[PDB]
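Virtual Cβ from ideal backbone geometry, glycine too; neighbours counted across all protein chains shown. Taken together, the values in this text are just the output of simple stated rules run on the coordinates, not laboratory data.
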DNA sequence: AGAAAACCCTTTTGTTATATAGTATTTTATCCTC
DNA sequence: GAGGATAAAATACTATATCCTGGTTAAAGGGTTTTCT
RNA sequence: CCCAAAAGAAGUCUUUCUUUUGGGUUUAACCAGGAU
Ligand SMILES: [Zn+2]
């Protein structure tokens, strides 16, 4: 947890149609096996 | 220019190649359609994998076996004719068919 | 005349000579770029380039023998035709006539197929590459993270 | 592409009959087909641009 | 229903179906036993096609024999194919990797045409794979299925096209044979009726006609009624007949010395010989129908004839003339019209029998060439039939087909429904059919002739949409291969029960009514006007006096998978499709449960799919146990049924079977006696009934996500079992001495603890990633390499079964091995984030957050809801069906009682008897297209029993009042609650997650490999380097393409800098660039890097 | 010729470039991606580099 | 001494292609001119 | 009547998103050699 | 660059240093089936 602090990570989805398909977030640990995504960017990625 | 490589790139220049250049690139002549001998599982001689043309298959190890130590470097084998060097040279040397 | 002038001017301006069109020697790609894979059980799968080079070498040896041993012009001419076809298949398989097929009636990947389409070393191994420090997963929604 | 002059007369709450459902699938499928082919085509135009 | 021991599942159906659903696997089983000629098929063809019963092998042999030399001095013939008993039973063949087959023998007779010496022998023709009784072949231990193919039927096809330059209609005809050479007669601008013999250049038909022996007088005598024919006659430039043949030779076969004899021979051999032009039997029937030549004579002969060619030319010219009907001398008149190539009267179905017959045909052709050649290089009076037959090509062809093809596919065994739907599949792509990348939008549509022959809903969603479909419930394949459907015939407005099977053409000719029409209980329509289907698929109102046929019942258009969706007629086709493609991807759960609201089709699908055990004969149960069941038949005999316990399926799901009978019960023939993977008492059970609310909740179920309660984890309500298989073979090798030994060279004592004396993990030890399963050492060529098979990356779970095959035990091992130890590892996966639950109607989602059981919206009495769905997804996608289901689900759970105190209420007048009242947890069924109306649902919801105390939790609208468990206050407005049947799809997260820091690299180019297996690294594709360029970030792109992928020194230097805290070094150049330079130089291009 | 060769008609572009003996000055964004050097745009330009 | 099973080499009728859309270059066919 | 010039047709080449997993990877014939009877 | 084994030295009751040998591509191409 002390290593990843303030260490950006790139998230991408395919197809990457337009410029906003690749975005850099800050990672935080969660429980399980699924990447958690912010709901306000689903339109940019076009991800359901 | 720049021979092998490393960042002095300033221009790529393509062009037709003549027979003389083709015979310049090659380190030997392939004249036998044998890939590898099954029993020895080692390259044939004068074939499509000959070590004398394209280089040794193992790091600092000649085909005959007269040399297997690093200190021996650059000595063209006096018996088998394979140059003692690193195996990566098999990714660079080219042959030519006459 | 205008459509022709392009190539004549191109060969006129530069010091290069047209004799490069007709080959006298055929280069051979380094082995590591056409490796054979010895899958378990002696299943040595060979890259198509190996088979095409094998054909060319066989025909060249046969023609050399026939010339040295002495033969009528007709047989030598036919052997030269076969050599010409073998080289044509080596450089661009399927451009003229029936493709040289191998196991199970399939075409063989000559050299020119390594630099073409979405399988060549121009748009599948130079513009986009697999990378380290990476992963993938299924995404879910969390209305607790900030933006 | 021409309209069927029947036409459908029932709402999905009341439930369609058999024939009406058939003539509905008629036009329903081409939507998916065109979706696939157009999403295939768009990439070529983006690449050339 | 009619199954002796089926559960009592009450139905809302109003209509009655005269015809029971046929055997759902009958297509395959009855299309194969035709091939071998079993007595059952002989009996079936006796009551139908008794004129000429012949099996596929018999037909091939008769067409082949006799084989004669050019001189005709000797001949070889075959006859009477015969089959022996199978070598081993099904279970043993599956376990020991032995193909399921039987010997084949044939009687070969050799006759010398100058001595009269006849020599007969029985020659062995190889091992012929047979078919298990449930429709599947077994090959090399795996189970395979052969899919039927849709192809364009052979015959004559006419079509007209508009001309751009001149705006004239141009008609064209194609005579497409089976294994022949085409010939097209087409008209064009500058009207000129030409030919295209084979696929060569054009030429006037008059050339062909004269070549056939027609004088310039005869043609104008008969073809004297059109200007085009006379114009072509005027401009022919062909003299006599010989010049015609020579000209034909100059085009058919260029660059040859033309001569009359050879030209005539070649022309005759192309078409008029039963050697290179076979219209089969279907083709000849179709041609005779289209031109009406021989209506009476039986179809015996499959080559063209001059009369057919002249008839087709006349037909084409008349069609261009605009005629309406034509009369051919010696034949009845027919209509002249263009043809369509999607009408299911023109697309035929090559089933499993036909494909194997074709493969045997080509194998025998090769064997025939061999025998003909050998017939002239061996001295007479030493030749015996066994010394001329070479069997290898036939077995080679059969094996090639069954191992390598686009129609012999691995069975999909996610669950029984997947198999049942895979056997009844029709694929239009394969050898001899269109291709996935070369199909237009005119073949993927749904032609109006599909009604009742191919389901319009069930179809893949990807790029295959339209090329693959499923055979409907009632359809059958007639002898020629055209698909037929039943219709109940009406005589004088009286609906009889005479069922007649019709193909596409006959259905086109007549007028057909609808199944769910107002019958007045005496076979008479209530009102004169009723929807019908006319010739071209038009829907219109015709009075109830012209109707000629009616559908046997509704549902006739929906395949097996789509017939199991309740309230199908309320859902849009687009979502019913995703509902019918998401029942073939369930996963057999640890404990199964039958759905509360089904569609009456579960029982038949379960019993036919073959995954349940069915008592073969009536009797009384003697002893029952988890392993086997003993049935004591009525007359002495006794039978023992063995059960498959924890057997791996082709896609990694368990295949349990447990009995449902006790030691004293009596069973009846056809009764279900043991459940299967996804069955519950004989009914399909793909999922679970969960309590569901339809409110949006805190955004966790945002954009199709789902929320589960924790009760679905504690109590294993959704808990699957998966099984993985690991193999390793100790190859003999040229060096030899490979052995599966325990002692692992250069190994620790702890890591070797589990291994048994032989060197195989003890059954019952948890082999987590990084353990040993087998100890294998092979010579180095000690001089050995320890290829000790280890648990690959990401697996775990106990070891439930080992199987070791030994050469010393004289097993059938692969050539050049001694042992083939194989291990199984099994694991129980619970539900968790990332899974892909989905209902039936197409409401797919991925579990978003498994909340603890305390903070869930709970009803007034304390019951917590077990799932939450969004409201914003229902109305927009038009799958309202689910909401209706939800309501009905609740009515099924709570149990209702319509109060018939003073007359039945009007809304329940037509409700069937013994449905006015139901006990709690009562199962009901609503057939697909005749189900529970809205008024009936309102009535049921209006009256429902209290739960325990005198409280009703769901009011009339169907919405209850929920307490918010997280905060405490009640939600201001009522919410919908009910019971919905949801499944667990096979897209679990644990098979998807993957990461890589540093791992294996490729060999030709130094980039990392791809895929979760090896170690794999994600691909930074082409259009993910445009986004980086667009942002303006350059350093990140440079490092993503140089020091992370293929810069040989960059990788090690960055690793060292990172571990030692230094600043990352600079990049070099990529290896793939040098590979490109070498590839260019190999082409004689002098590429040089100037400076 | 590198960019054009990587775009379309690889054979024709390569052959005509070989005939004309064209020398490709390295400027653009596709060739600098190919040879693993900083793109001459964004952060890579001289003013900010 | 003859027969049967095991090496070493070679090499793979016209099939079946249900294609469109666009452009670019070679025939060839016919029309116009001298 | 013969030759040249222009439409026509006739062929030749080029292109038609992203990602993931599972099964196979040669046979067949001719010529030659060794062991068993 | 990395790992494995053998021997010697120091301390801890198990880590570091030195020497010898061995080593690293589960690669690859096809067909098929899926996902968004
Ligand atoms: Zn040496």
- Item | Selection from the stretch A:5-41 of residues that are closer than 24 Å to residue E:990 by Cα and either more than 10 Å from the chain's Cα centre (by Cα) or more than 11 Å from chain C (Cβ to nearest Cβ) (or both) | A:14, A:15, A:28, A:29, A:30, A:31, A:32, A:33, A:34, A:39
- Query: Would you pick out the residues in the stretch C:72-121 that are part of a helix (DSSP H, G or I), surrounded by fewer than 15 Cβ atoms within 10 Å (Cβ to Cβ) and within 11 Å of DNA strand H (Cβ to nearest atom)?
  - Reply: C:117, C:118, C:119
- Query: What is the one condition in (1) outside any loop (DSSP other than H, G, I, E, B); (2) out of contact with any helix residue (DSSP H, G or I) (no Cβ under 9 Å at 6 or more places or on another chain); (3) more than 11 Å from chain C (Cβ to nearest Cβ) that residue B:12 does not satisfy?
  - Reply: (2)
- Message: Looking only at the stretch F:24-35, how many residues end up being facing chain B (nearest Cβ under 9 Å), surrounded by 15 or more Cβ atoms within 10 Å (Cβ to Cβ) and not in a helix (DSSP H, G or I)?
- Response: 3
- Which one of these is more than 12 Å from DNA strand G (Cβ to nearest atom) and either under 26 Å from the mean Cα position of the chain (by Cα) or in a helix (DSSP H, G or I) (or both): E:380, E:394, E:362? E:394
- Task: Go through E:433, E:353, E:345 for me and flag whichever is in a helix (DSSP H, G or I) and within 23 Å of residue E:286 (Cα to Cα).
- Result: E:353
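Every residue, every condition in (1) touching a helix residue (DSSP H, G or I) at 6+ places or on another chain (Cβ under 7 Å); (2) surrounded by fewer than 19 Cβ atoms within 10 Å (Cβ to Cβ), yes or no:
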residue: E:929; (1), (2): yes, no
residue: E:965; (1), (2): no, yes
residue: E:971; (1), (2): no, yes
residue: E:976; (1), (2): yes, no
residue: E:983; (1), (2): no, no
residue: E:986; (1), (2): no, no
residue: E:993; (1), (2): no, yes
residue: E:999; (1), (2): no, yes
residue: E:1008; (1), (2): no, no
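Each row is one residue, and each column tells you yes or no for (1) within 11 Å of another protein chain (Cβ to nearest Cβ); (2) surrounded by 22 or more Cβ atoms within 10 Å (Cβ to Cβ).
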site	(1), (2)
E:438	no, no
E:457	yes, yes
E:468	no, no
E:471	no, yes
E:506	no, no
- Task: Considering only residues that are within 11 Å of RNA strand I (Cβ to nearest atom) and farther than 21 Å from residue E:350 by Cβ, look in the stretch E:417-447 and name the one that is nearest to the chain's Cα centre (by Cα).
- Result: E:418
- Query: Only one residue in C:71, C:9, C:25 is at the interface with chain B (Cβ under 7 Å from one of its Cβ atoms) and farther than 23 Å from residue B:56 by Cα. Which one?
  - Reply: C:25
- Message: I want to confirm something. Restricting to the stretch B:46-60 and keeping residues that are part of a loop (DSSP other than H, G, I, E, B) and out of contact with any helix residue (DSSP H, G or I) (no Cβ under 7 Å at 6 or more places or on another chain), which single residue is nearest to RNA strand I (Cβ to nearest atom)?
- Response: B:60
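Give the stretch E:712-748 a look and list any residue that's away from chain C (no Cβ under 14 Å), farther than 30 Å from residue E:832 by Cβ and surrounded by 19 or more Cβ atoms within 10 Å (Cβ to Cβ), or say none.
The answer is E:740, and nothing else.
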- Sort through B:52, B:66, B:42 and tell me the only one that's away from the ligand (no atom under 12 Å from the Cβ) and over 30 Å from residue F:36 (Cα atoms). B:42
- Item | Checklist (1) away from chain D (no Cβ under 14 Å); (2) more than 18 Å from residue E:24 (Cβ to Cβ); (3) more than 11 Å from DNA strand H (Cβ to nearest atom) applied to residue E:404, failing item | (3)
- Query: Which residues, taken from the stretch E:123-160, are closer than 30 Å to residue E:385 by Cβ and within 16 Å of DNA strand G (Cβ to nearest atom)?
  - Reply: E:124
- Note on the structure: Only one of (1) more than 25 Å from residue C:53 (Cα to Cα); (2) in a loop (DSSP other than H, G, I, E, B) does not apply to residue B:63, and that is (1)
- Only one of (1) surrounded by 18 or more Cβ atoms within 10 Å (Cβ to Cβ); (2) within 16 Å of RNA strand I (Cβ to nearest atom); (3) at the interface with chain B (Cβ under 8 Å from one of its Cβ atoms); (4) not in a helix (DSSP H, G or I) fails for residue C:32. Which number is that? (4)
- Restricted to the stretch E:473-498, and to residues that are closer than 30 Å to residue E:520 by Cβ and in a loop (DSSP other than H, G, I, E, B), which residue is farthest from the other protein chains (Cβ to nearest Cβ)? E:492
- Message: Testing residue B:24 on (1) at the interface with chain C (Cβ under 9 Å from one of its Cβ atoms); (2) over 17 Å from residue C:33 (Cα atoms); (3) away from DNA strand G (no atom under 16 Å from the Cβ), one condition comes back false. Which one is that?
- Response: (1)
- Task: Quickly run through the stretch C:122-147 and pick out the residues that are more than 7 Å from chain E (Cβ to nearest Cβ) and part of a strand (DSSP E or B).
- Result: C:139
